[PDB]
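Protein chains: 2
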Amino acid sequence: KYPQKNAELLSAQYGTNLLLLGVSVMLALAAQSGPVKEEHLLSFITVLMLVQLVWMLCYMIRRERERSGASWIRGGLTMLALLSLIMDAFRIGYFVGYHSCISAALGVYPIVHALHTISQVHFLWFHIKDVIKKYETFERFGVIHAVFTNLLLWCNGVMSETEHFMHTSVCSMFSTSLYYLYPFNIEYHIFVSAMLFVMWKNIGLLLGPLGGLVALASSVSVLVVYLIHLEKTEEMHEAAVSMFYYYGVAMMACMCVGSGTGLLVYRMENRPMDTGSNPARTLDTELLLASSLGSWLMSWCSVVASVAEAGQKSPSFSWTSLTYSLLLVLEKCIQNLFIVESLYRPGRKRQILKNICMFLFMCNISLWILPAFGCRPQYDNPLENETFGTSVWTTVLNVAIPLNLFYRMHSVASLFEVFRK
Amino acid sequence: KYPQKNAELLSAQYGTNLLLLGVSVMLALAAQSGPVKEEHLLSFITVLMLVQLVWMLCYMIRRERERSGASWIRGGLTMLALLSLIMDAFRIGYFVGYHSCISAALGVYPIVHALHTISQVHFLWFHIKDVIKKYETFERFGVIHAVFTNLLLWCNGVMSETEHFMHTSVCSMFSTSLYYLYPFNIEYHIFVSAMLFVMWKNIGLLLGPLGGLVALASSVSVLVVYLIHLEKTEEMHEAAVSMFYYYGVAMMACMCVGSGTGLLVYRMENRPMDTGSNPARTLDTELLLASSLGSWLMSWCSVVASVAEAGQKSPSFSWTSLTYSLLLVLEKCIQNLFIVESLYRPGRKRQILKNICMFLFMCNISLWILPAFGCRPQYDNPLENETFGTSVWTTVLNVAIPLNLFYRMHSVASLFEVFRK
Ligand SMILES: CC(C)CCC[C@@H](C)[C@H]1CC[C@H]2[C@@H]3CC=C4C[C@@H](OC(=O)CCC(=O)O)CC[C@]4(C)[C@H]3CC[C@]12C
Ligand SMILES: CC(C)CCC[C@@H](C)[C@H]1CC[C@H]2[C@@H]3CC=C4C[C@@H](OC(=O)CCC(=O)O)CC[C@]4(C)[C@H]3CC[C@]12C
Ligand SMILES: CC(C)CCC[C@@H](C)[C@H]1CC[C@H]2[C@@H]3CC=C4C[C@@H](OC(=O)CCC(=O)O)CC[C@]4(C)[C@H]3CC[C@]12C
Ligand SMILES: CC(C)CCC[C@@H](C)[C@H]1CC[C@H]2[C@@H]3CC=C4C[C@@H](OC(=O)CCC(=O)O)CC[C@]4(C)[C@H]3CC[C@]12C
Ligand SMILES: CC(C)CCC[C@@H](C)[C@H]1CC[C@H]2[C@@H]3CC=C4C[C@@H](OC(=O)CCC(=O)O)CC[C@]4(C)[C@H]3CC[C@]12C
Ligand SMILES: CC(C)CCC[C@@H](C)[C@H]1CC[C@H]2[C@@H]3CC=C4C[C@@H](OC(=O)CCC(=O)O)CC[C@]4(C)[C@H]3CC[C@]12C
Ligand SMILES: CC(C)CCC[C@@H](C)[C@H]1CC[C@H]2[C@@H]3CC=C4C[C@@H](O)CC[C@]4(C)[C@H]3CC[C@]12C
Ligand SMILES: CC(C)CCC[C@@H](C)[C@H]1CC[C@H]2[C@@H]3CC=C4C[C@@H](O)CC[C@]4(C)[C@H]3CC[C@]12C
Numbered sequence: 046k047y048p049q050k051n052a053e054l055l056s057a058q059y060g061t062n063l064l065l066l067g068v069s070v071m072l073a074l075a076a077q078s079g080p081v082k083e084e085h086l087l088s089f090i091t092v093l094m095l096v097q098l099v100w101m102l103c104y105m106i107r108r109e110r111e112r113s123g124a125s126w127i128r129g130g131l132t133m134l135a136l137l138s139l140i141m142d143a144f145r146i147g148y149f150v151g152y153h154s155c156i157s158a159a160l161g162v163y164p165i166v167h168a169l170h171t172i173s174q175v176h177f178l179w180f181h182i183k184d185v186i187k188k189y190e191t192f193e194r195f196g197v198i199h200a201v202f203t204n205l206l207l208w209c210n211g212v213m214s215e216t217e218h219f220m221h248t249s250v251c252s253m254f255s256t257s258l259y260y261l262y263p264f265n266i267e268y269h270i271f272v273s274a275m276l277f278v279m280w281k282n283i302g303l304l305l306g307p308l309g310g311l312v313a314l315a316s317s318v319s320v321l322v323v324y325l326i327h328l329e330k331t332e333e334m335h336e337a338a339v340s341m342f343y344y345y346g347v348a349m350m351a352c353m354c355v356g357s358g359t360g361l362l363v364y365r366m367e368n369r370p371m372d373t374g375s376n377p378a379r380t381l382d383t384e385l386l387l388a389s390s391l392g393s394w395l396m397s398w399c400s401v402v403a404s405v406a407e408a409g410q411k412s413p414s415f416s417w418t419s420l421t422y423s424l425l426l427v428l429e430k431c432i433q434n435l436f437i438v439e440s441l442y443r510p511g512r513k514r515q516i517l518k519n520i521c522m523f524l525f526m527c528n529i530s531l532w533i534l535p536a537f538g539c540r541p542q543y544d545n546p547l548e549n550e551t552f553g554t555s556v557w558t559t560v561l562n563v564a565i566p567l568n569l570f571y572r573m574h575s576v577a578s579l580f581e582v583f584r585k
Numbered sequence: 046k047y048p049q050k051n052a053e054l055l056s057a058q059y060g061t062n063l064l065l066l067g068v069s070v071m072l073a074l075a076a077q078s079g080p081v082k083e084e085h086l087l088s089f090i091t092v093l094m095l096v097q098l099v100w101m102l103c104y105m106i107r108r109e110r111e112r113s123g124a125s126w127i128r129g130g131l132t133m134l135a136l137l138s139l140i141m142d143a144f145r146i147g148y149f150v151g152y153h154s155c156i157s158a159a160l161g162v163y164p165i166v167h168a169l170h171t172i173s174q175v176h177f178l179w180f181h182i183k184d185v186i187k188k189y190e191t192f193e194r195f196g197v198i199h200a201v202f203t204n205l206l207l208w209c210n211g212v213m214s215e216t217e218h219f220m221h248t249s250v251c252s253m254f255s256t257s258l259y260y261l262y263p264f265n266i267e268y269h270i271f272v273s274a275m276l277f278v279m280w281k282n283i302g303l304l305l306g307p308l309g310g311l312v313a314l315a316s317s318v319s320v321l322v323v324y325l326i327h328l329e330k331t332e333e334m335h336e337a338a339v340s341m342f343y344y345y346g347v348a349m350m351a352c353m354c355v356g357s358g359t360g361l362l363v364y365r366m367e368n369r370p371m372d373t374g375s376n377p378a379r380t381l382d383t384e385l386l387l388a389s390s391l392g393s394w395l396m397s398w399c400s401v402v403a404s405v406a407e408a409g410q411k412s413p414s415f416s417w418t419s420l421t422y423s424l425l426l427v428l429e430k431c432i433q434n435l436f437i438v439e440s441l442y443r510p511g512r513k514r515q516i517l518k519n520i521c522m523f524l525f526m527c528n529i530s531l532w533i534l535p536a537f538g539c540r541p542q543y544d545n546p547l548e549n550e551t552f553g554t555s556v557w558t559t560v561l562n563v564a565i566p567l568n569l570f571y572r573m574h575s576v577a578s579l580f581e582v583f584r585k
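Chains as they are written, first to last, in the authors' numbering: chain A, 46 to 113, 123 to 221, 248 to 283, 302 to 443, 510 to 585; chain B, 46 to 113, 123 to 221, 248 to 283, 302 to 443, 510 to 585.
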């Protein structure tokens, strides 16, 4: 009835205009000397979530007229969805337990979002995982609408929520719970938009595990001492922060050595390389680069701030921030190159590669659990504050840290898939 | 010696980090309460231009050890390069004719840029146009460095130049010449980055021409009356601005009717559509969408401002801004769909299609010459100012209008290629 290239071009233009309309509303909102208020942005996003709910309802009632590494993706989606639903339950509980002096749009939004989350998970659980069976104008509209709805939810969570949060026991528990649960909501929308992008575009092992266990035990130790000296008063806090930075430096140096050793083992073994012209390589490559973007931006902001301070011959320079930031950039570059080469290719080289893969696997688990459980000292750095401002540095960190969490989860799954080869 | 997929991944990571370092410097610059000043950004971009000059020198001296619709692209590149070189000559002339109270980085930058421009044009003239003969790590590094150098030059021109310009006859001629020549410099860097993206990714005709001539004569008339009532004092200026808006509305309505008529002629003639799976279709499609982004953002900002003003039941609403902006969005959507379908497919349908193609060809020439020759009243709109602020609206227009010029040039060449079929 209707051609497919025109369907995909119309859907691309529709979704692009949807994104640019949301960006226009956010630009009108940020210039506070104007009539556009935050409830208007929440009403716009609420209407988008309702349209996606209606589409998913029509899709499931159409499919129920017919009858007949996925587990890593489903587990990640379900865990992040449960944390997002817990945060929405806290928001609804606050809305039914407070002095009713805020607008109705802040009550309808956490309810619809919750329904949106549930339905979206159900859809992404059941009607997508190798059960597609057709691609027409209806599914292309739905997938593109879902992509840009989740991107606008990501932008709203990144900017217009923690510039209100990061700027009576029930209020303390509410604020503490929001502080711990926020990056999992942001990463949830990152994860959902990444999956929808994928489906849119397509349609003797001793020393390794032992070093990994040392990495894990050391991360839990640093996490525990930081949370202890964060929960109580400010004494011995800066020792915990310096412990975080020295641990990060040593660990990323060891990960650079491991990934480089893997790359040199690959270089010494010559192969008829790179003849297949694999588009799946391009897909996983763009996922790893898009995940690496946030932490690369954070690290170059720290490098620029430290070099600008060093240009004054100032005190409190200390060389550890430069080493940490540059080693973080270098570590993600070498690890991305190692994973991408590993996924698309005697016995002693198998034992070396498996020990390297288990070491990097447990190191990425460690570097995931350290900010996810609430360490994150970078928000209180006095150097990048007063250079970029508190609002710009906070927004840069809100972009960087959930993308860093998604990067570590994707790298854990990818290194596990590399390991069983 | 070295595999190609690792070369392209390393080059992608290098260029991405180069862009993010430039973005970090710009973020440190925009927060003016800090040590980073504009001469540091100019020094950084100057170093990038010098590195590209050194690479192009080594490439040409390596090639000179060996011996043996392109004209539209070469003509566009050479015209925009000549206008950019004229602007750089004006900057150098000011730097040798003034009170020497600004830093040396503002003298070295317009010289090196001029050399950069000349060398880049020479390279893009001679060593690229079907003479590639090899792709290795050296060329991938050079092409990626050239891409992100031109993107950083585009961002510097968009933001850090007209927030200093748009905020004694020689000073008047200097400022007037900069006002007229600025969008051609921005479009020049857009054009060069688009060409380098392309080469990176790949490696009875009566009523039509008559309506086109009416469109051209009417555009020159509107342009002349606007420039007359802009050069002298403010009387009869708002009549010229309203004439611009009524001309735009009527013309984009006629272009919507023409493009829709072309699409319906395509729909009535059934074909075995869309089997070839053409990646060149994807390439031209991404060029047209990327060009359409700027004007779509500008139009949705105008729609949001007018709807926010209408929500007060205010005076000075007048319905022409909404009609102009929505019709602009709709016109670019239908025209993109028409061009993309036309490029990748009895006699009366040939005459209808050729008349539509000549009409759209001359209409796109008209809508190119109207802002390129200096009309651009959108900067003085009181509605989008005081809603977004003067700086945000000016930056949005500096993104939108050179992209709109590149869009109209690309559409002129594409409609000419469609016409001779
Ligand atoms: C290309 C795909 C993968 C992602 C698309 C990226 C956008 C979703 C992001 C990147 C640029 C971001 C914008 C970058 C800057 C700003 C300006 C910001 O307001 C300002 O700082 C203006 C200055 C002021 O008055 O405060 C409002 C949000 C916004 C539009 C951001 C909205 C979200 C955007 C569009
Ligand atoms: C109208 C003009 C202003 C728009 C054209 C600019 C962008 C559409 C292009 C220019 C070069 C492109 C970049 C060129 C290189 C790449 C690397 C690319 O990664 C890969 O090539 C994967 C490598 C592999 O498949 O193995 C990711 C996209 C990116 C950053 C591109 C992002 C989009 C860019 C900036
Ligand atoms: C693959 C390559 C070619 C594309 C790289 C994407 C970047 C160009 C995007 C991704 C993340 C974006 C950043 C997301 C967040 C921010 C913070 C944002 O800060 C604010 O909006 C100011 C906040 C305030 O004023 O309160 C400014 C834009 C910026 C740096 C964005 C700049 C554009 C970035 C780096
Ligand atoms: C993906 C390819 C095709 C293009 C990459 C797009 C970037 C080149 C653009 C889009 C987002 C832009 C950023 C959007 C917002 C800002 C914030 C702006 O400063 C602010 O407004 C912060 C608030 C303030 O303190 O004023 C500085 C420039 C910057 C980083 C822009 C720099 C240029 C960026 C990175
Ligand atoms: C880690 C996560 C947060 C990053 C993943 C987000 C982006 C990389 C993706 C998500 C969906 C993508 C969009 C999906 C649809 C398209 C349409 C696409 O145009 C076409 O499909 C051409 C159609 C044709 O070939 O005929 C241009 C890129 C774009 C906007 C994509 C831009 C990049 C997006 C935003
Ligand atoms: C294909 C699709 C998926 C990608 C669409 C790209 C957009 C997400 C990019 C392209 C142009 C970018 C805009 C370029 C210019 C600006 C103005 C800029 O304004 C400022 O920096 C504030 C100026 C000041 O404060 O003085 C804010 C970011 C913004 C809206 C950028 C938002 C991000 C945009 C819309
Ligand atoms: C393809 C990719 C993105 C899939 C995502 C990988 C997911 C499934 C993996 C990677 C990181 C893993 C987490 C690492 C740490 C812990 C902490 C532990 O106390 C509970 C399990 C939990 C929370 C793991 C759950 C599974 C997990 C989230
Ligand atoms: C592939 C695409 C981008 C090629 C670009 C098309 C270029 C070559 C075309 C499209 C618009 C054309 C311009 C339209 C208007 C005029 C004004 C006239 O007084 C001088 C010629 C000039 C300046 C034309 C020169 C050629 C031109 C710039």
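All residues carry an ideal CB built from backbone N, CA and C; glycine is no exception.
Taking 8 angstroms as the threshold (C-beta atoms), are residue j and residue i in contact?
i	j	result
A/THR383	B/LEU54	yes
A/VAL401	A/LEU420	yes
A/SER173	A/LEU205	no
B/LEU134	B/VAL197	no
A/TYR364	A/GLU439	yes
A/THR418	A/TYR343	yes
B/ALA168	B/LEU87	no
Can you confirm whether residue i, when its beta carbon is compared against all beta carbons of chain B, has any partner nearer than 8 angstroms?
i	result
A/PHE277	no
A/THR191	no
A/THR359	no
A/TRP280	no
A/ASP372	yes
A/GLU439	yes
A/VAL96	no
Helix, strand or coil, according to DSSP, for residue i in the structure here?
i	result
A/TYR47	coil
A/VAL185	coil
B/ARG443	coil
B/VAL150	coil
A/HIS221	coil
B/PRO546	coil
A/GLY553	coil
B/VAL250	helix
B/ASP372	coil
A/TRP280	helix
B/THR331	coil
Does chain A have any CB closer than 8 angstroms to the CB of residue i?
i	result
B/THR551	yes
B/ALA351	no
B/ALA564	no
Could you round the C-beta distance between residue i and residue j to whole angstroms and report it? I think they count as a contact, below 8 angstroms.
i	j	result
B/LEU534	B/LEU321	6 angstroms
B/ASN434	A/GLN515	About 56 angstroms; that fails the 8 angstroms criterion.
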